[PDB]
Amino acid sequence: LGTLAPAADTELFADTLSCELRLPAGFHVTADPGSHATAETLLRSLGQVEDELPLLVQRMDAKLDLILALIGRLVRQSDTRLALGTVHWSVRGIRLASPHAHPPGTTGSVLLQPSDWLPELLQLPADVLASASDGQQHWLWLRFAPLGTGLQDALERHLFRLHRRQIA
Amino acid sequence: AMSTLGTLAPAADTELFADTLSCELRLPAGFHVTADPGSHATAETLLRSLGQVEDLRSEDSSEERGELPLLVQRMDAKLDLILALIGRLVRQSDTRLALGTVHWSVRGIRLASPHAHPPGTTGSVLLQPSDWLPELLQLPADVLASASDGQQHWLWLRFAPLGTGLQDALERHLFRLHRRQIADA
Amino acid sequence: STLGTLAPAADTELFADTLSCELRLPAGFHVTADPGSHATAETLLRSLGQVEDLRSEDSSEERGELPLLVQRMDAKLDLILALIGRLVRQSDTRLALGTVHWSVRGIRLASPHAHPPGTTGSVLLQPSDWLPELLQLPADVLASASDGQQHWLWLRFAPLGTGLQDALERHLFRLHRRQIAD
Amino acid sequence: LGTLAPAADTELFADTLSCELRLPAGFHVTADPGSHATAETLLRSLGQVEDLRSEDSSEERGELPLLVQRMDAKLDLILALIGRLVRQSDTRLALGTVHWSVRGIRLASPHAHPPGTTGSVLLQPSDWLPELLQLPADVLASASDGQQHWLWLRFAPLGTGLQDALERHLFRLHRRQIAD
C-alpha cells in the first residue's frame, strides 16, 4: 500500500506536504515537454479567481465569465479525458496509476487537471523513479524535473491551499 | 393564463406554482434522466452574467467616451466580438433543444417531453435561458407528475435545492422575464 | 451599375436620396422566420467599428494611458479573438462573395433562386473580412429580376430601431470614406 | 548549407539580423493570403505576453483594483482553453530549421518551386500558442543539397508597422537565444 516502492515514495514525499486525492491524471512519454511559464500561469490563475468599478468594467467581467464558461464546456465535451484516480501529489512528484508499466528512467510528462470545473490540463515534465504493480495494476512514481523558482512557489501554494480545503 | 394542463396533476401543479411567480412561456426546453448539470455556481454565474449583459441598454452609445478612456472601450468591443464568435462556434456543434411552451417557477417546471417518465424519476431539466447566447441552464430535478393530454406527454419537475445563490439568481431571472413579457404588451 | 434598370422602383426605394455603397462582400438572403436581434446587430456593428479603428498614422504604439497590466490584458484579447476567429472558420458554411449595393434602407445582392415580392427572410452578410462574424437583418423582397446570368434581389430591411439604424449609418459612412482613397 | 543560392542568400540575409532556429514552418502556394494588420497584431501581442514572463515578475503586484487582477486571470484561462480547443483539430506544421530575417526566410519544403512562385510563409512563432503567422512571399531560389528541398522566400513588402513588429520580434528572438 505504497511500500511497494519505499525508496521513491520517500524521495517524493518525505518531510514535505503530500496530498492524497482523486483527480484525472496520467503519465505521457515524450521528448517534447511543456513550459514552466504555462504551468505557472495556469496555477496562479486558478488561484486568483478564488472568489465593482464603473459599470462598464463590471459588465466586462460578466462577459469574461460567459466566455470562460462556454469555452470551458466546449473543451470538456470533446477532449480525450484522463484516467480519474487516486494520486499522491507533492511539490517533488506524484504517485498515480497508468495503463502500462514503465522502465525507471523513462522521460515524459505528467498530465493532470488541477481543477474539475475548468478542463485545462497542467503539464509537468517528469521521470519515473519506480514502477511497481499491485493495485492490480501498474503504479507510477514520477519525479518532476526542476520547476524553477516561480512554478515551484505556485505549486506549493496550490498544494497548500488544496490541503486546507480538504482538511475541512 | 389559466392553462388547464394543471388539471392533469393538481397536487403537482399546486406544489410548483401556488403562491410564487410562475411564468408561462416558450423557449428551448428539455428533460434528460442521465444528468450532468455541473455546479450551482455555474448555473448562478450564467444567470447573473446573462442579466448584466442583457435588457437592452440606457439608450445611449456614449457613456464610454466619458468617465472611461478609450483603450478600455476597445477592450469591451473585443469582448463583445469574442463572445459572439464563441456563441457562433457552439451553434456549430451543439444539438439544440426543441422549442416548447413551459410553466416555470423557482420551484420547478412543467414542460412537454418526447417520452413519459414515472414520478420519482430523477434527472436534469435543460433550458436555453437567453436566445442570443447558445448556453444551456441545467438543473437537477425529480419528476413529481407525469400525464398526457392526448398528443403530448407532460412532466412536472421539481428542482433539487438550488442553494442560496442560484435560487436568488433564478428568482431575479423570473421576475425580470415577467415584467418584460408584461412590458411588451 | 445598370442593375437598377432591372427594377427601377425597388432601386429608387432603397437607394434614392441616401448613401448607397456598391462593394464586394459575402452576402445572402435566406427565407426564414428568425426575428434576429437588433441588439445583436447593433453590438456587432459598433464593436467592429471600434477595433477597425486607429493604427492609422499614430499606429505602432499609440500610447496615452498608463497601466502596463491592462495593456497585456488587451494583448491577450487580441490573441483570443484571433484564435476564436480561426476556429469558427473551420466548420462554418461561408456566404457567397459577390458585388452588392448597400444603403441604410436595404440591399441588392445575387441569389440562388428568385423570390416573389413580399417574401420575408433574413439578409446575412459578413461586415469584416478578417472576422467570421455575420450580421443578420430581417428583410422583405421588394423586387426580383435576372440579368441573364444571375438572379438579383432587392431587399428592404424591416425597421432597424434607433440604435441599430445609427450604428448602420455610421458603418456605411466610414466604409464610403475608407474607399475614397487614391 | 546556403551556397546553393549565393545571390538569394545575400539578398535576404546581408547586413541584417538573421536567426537560425527550429519551429513549425512551411510555404503554401496560395493565390492571395494577406493582412499585414493580422500579422502585426499577432507579433505585437505575442511580445507583450512574452515579457509578462518573469523578469521582475510584475511591474507592480497589487497596483490596480483586485477585480482587475482577477479579470486578467480569467483571460489567461480563456486563452489557454481556446488554445487547447484549437489543438484538438488543427494541422501541425513540420518542425524545421530556418534562417529568418526581416526580408525573407530560407526553409525546407517537401517539394521545389520555380522562382516567382507566390504564396504565404507559414510560421508558428510561439510554442505555447497554436497561432500561425502568415506572410505573403515569393520564391527567389529553390535548390536541393543532400535530400531536403530548400526554398528562399522573399517577403512581399511588409509596411511600416509589420516591419517594426517583425524586427522587434527577431531582435528579442536573438537576445533570448544568446541566453543559453
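As a numbering rule, every chain is indexed from 1 in the order its sequence is written, which need not reproduce the entry's residue numbers; residues that lack coordinates are not presented. Labels follow written order: the first chain is A, the first ligand is 1, and so on. Each side-chain value is derived from all of the structure's non-hydrogen atoms; neither hydrogens nor water enter the calculation. Residues with missing side-chain atoms are left out of burial classes, side-chain pairs and their counts.

Caption draft 1: Up close: empty space enclosed by the protein. All names here are of chain D. The calculated volume of the largest cavity comes to roughly 100 Å³. Residues are sorted three ways: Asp, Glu, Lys and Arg are charged, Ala, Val, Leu, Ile, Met, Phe, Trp, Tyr, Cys and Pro are nonpolar, and all the rest, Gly among them, are polar. In the lining of the largest cavity, the residues fall into four nonpolar, two polar and three charged. Buriedness of a pocket was judged along seven lines, with at least five required to meet protein on both sides within 12 Å; pockets are open sets of points on a 1 Å grid over the protein atoms alone, cavities are sets where a 1.4 Å probe fits but cannot get out, and lining residues have an atom within 4 Å of a point. Grid points are joined across faces, edges and corners, and a volume is the space filled by probe spheres set on the points. Its volume calculated, the second largest cavity comes out at about 30 Å³. Along the walls of the second largest cavity sit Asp90, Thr91, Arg92, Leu93, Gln124, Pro130 and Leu132, which together make up its complete lining. Looking at side-chain class alone, the lining of the second largest cavity contains three nonpolar, two polar and two charged residues.

Caption draft 2: Spatial organisation of the interface of chain C and chain B. Throughout, a contact is declared for two residues whenever any of their heavy atoms are within 4.5 Å. Facing 29 residues of chain C, the contacting portion of chain B comprises 21 residues. Two parts placed together each lose some accessible area under a 1.4 Å probe, and adding up what both lose gives the buried area. Across the chain C/chain B interface, buried area totals approximately 2,200 Å², and carbon plus sulfur atoms make up 68% of it. Together, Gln50, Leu77 and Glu133 of chain C form the three largest contributors to the area buried by chain C at its contact with chain B, with a combined 25%. Salt bridge criterion: a side-chain nitrogen from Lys or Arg within 4 Å of a carboxyl oxygen from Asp or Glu. Counting every contact that joins chain C to chain B gives six salt bridges. Residues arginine 88 of chain B and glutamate 133 of chain C are paired through a salt bridge, measuring 2.7 Å at the closest nitrogen-oxygen approach. By the criterion applied in these results, polar contacts are pairs of N or O atoms within 3.5 Å in which, for protein atoms, one can donate a hydrogen and the other can accept it, and in which residues neighboring in sequence qualify only through two side-chain atoms. Counting across the interface, chain C meets chain B through 10 residue pairs in polar contact. Looking at the side of chain C that touches chain B, the elements that each hand over two or more residues are α2 (38-52) and α3 (68-90) of chain C. Looking at the side of chain C that touches chain B element by element, the count peaks at 11 residues for α3 of chain C. Within the side of chain C that touches chain B, the residues separate by chemical class into 15 nonpolar, seven polar and seven charged. In this text, helices come from DSSP runs of H or I with a minimum length of four residues, and strands from runs of E with a minimum of two, each type numbered from the N-terminal end.

Caption draft 3: Structural view of the sheet that holds strand β2 (residues 99-104) of chain B. Residues and elements named next belong to chain B. A pair of strands is treated as paired once DSSP finds two or more bridges between them. The strand order β1-β2-β3-β6-β5-β4 describes a closed barrel built from six strands, whose pairing is antiparallel. In this sheet, neighbouring strand axes are inclined to one another by 50 degrees on average, regardless of whether the strands run parallel or antiparallel. Pairing of strand β3 (residues 108-113) with strand β6 (residues 153-159), which is carried by six bridges, proceeds in the antiparallel orientation. If you follow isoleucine 109 over to β6, its bridge partner there is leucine 157. Strands β2, β3, β5 (137-148) and β6 of the sheet are contacted by helix α1 (residues 10-17), whose axis makes an angle of about 40 degrees with β6. All axes are obtained by fitting lines to C-alpha atoms, using only the stretch in contact for helices, and the reported angles, taken between N-to-C directions, cover 0 to 180 degrees.

Caption draft 4: Looking closely at the interface of chain B and chain A. Residue-level contacts link 24 residues of chain B with 15 residues of chain A. When chain B packs against chain A, the two sides together hide about 1,900 Å² of surface, and 73% of this comes from carbon and sulfur. The interface formed by chain B and chain A contains four salt bridges. The salt bridge partner of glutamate 135 of chain B is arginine 73 of chain A, with a shortest N-O separation of 2.6 Å. Where chain B packs against chain A, one counts five residue pairs in polar contact. Looking at the side of chain B that touches chain A, the elements that each hand over two or more residues are α2 (40-53) and α3 (71-93) of chain B. Here the side of chain B that touches chain A is composed, by residue class, of 15 nonpolar, three polar and six charged.

Caption draft 5: Focus on the pattern of salt bridges. A full pass over the atoms with the stated rule returns 49 salt bridges over all chains. The closest approach of N and O atoms between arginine 63 of chain C and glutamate 61 of chain C, which form a salt bridge, is 3.3 Å. Via salt bridges that share partners, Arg55, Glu61 and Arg63 of chain C together with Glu40, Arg44, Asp164 and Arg168 of chain D belong to a single interconnected network.

Caption draft 6: Just unusual backbone geometry, in detail. Notably, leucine 56 of chain B is not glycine yet its phi reads approximately 45 degrees, a positive angle. Position of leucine 56 of chain B among the secondary structure elements: in the loop between α2 and α3. Only protein chains enter the accessibility calculation, which uses a 1.4 Å probe; a residue whose area is less than 20% of its type maximum is buried, one above 50% is exposed, and one in between is partly exposed. Owing to a relative accessible area of 63%, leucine 56 of chain B belongs among the exposed residues under this scheme. The backbone phi angle of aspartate 56 of chain D is positive, close to 85 degrees, even though this residue is not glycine. With respect to the element layout, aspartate 56 of chain D can be found in the loop between α2 (36-51) and α3 (66-89).

Caption draft 7: Structural view of the packing of helix α2 (residues 36-48) of chain A against α3 of chain D. Viewed as axis vectors pointing N to C, α2 of chain A and α3 of chain D meet at an angle of 135 degrees, and their least axial separation amounts to 9 Å. It follows from the interaxial angle that α2 of chain A and α3 of chain D lie oblique. Handedness of the α2 of chain A/α3 of chain D crossing: left-handed. Where α2 of chain A abuts α3 of chain D, its residues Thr41, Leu42, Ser45, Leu46 and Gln48 of chain A lie against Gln69, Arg70, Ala73, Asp76 and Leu77 of chain D. Taken together, the residues of the contact of α2 of chain A with α3 of chain D sort by class into four nonpolar, four polar and two charged. Each angle gets one of four labels, with under 35 degrees taken as roughly parallel, over 145 as roughly antiparallel, 65 to 115 as roughly perpendicular, and the rest as oblique. Crossings are sorted by hand: turned counterclockwise from the far helix by less than a right angle, the near helix makes the crossing left-handed, and turned clockwise it makes it right-handed.

Caption draft 8: Layout of the pairing of strand β1 (residues 23-32) of chain B. Residues and elements named next belong to chain B. Within β1, seven of the 10 residues are buried, leaving the element largely enclosed by the surrounding structure. Note: β1 against β2, six bridges, orientation antiparallel. By the bridge assignment, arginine 26 is partnered in β2 with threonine 101. Of the pairings in the sheet, the one linking β1 to strand β4 (residues 122-127) comprises four bridges and is antiparallel in character. By the bridge assignment, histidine 32 is partnered in β4 with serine 124.

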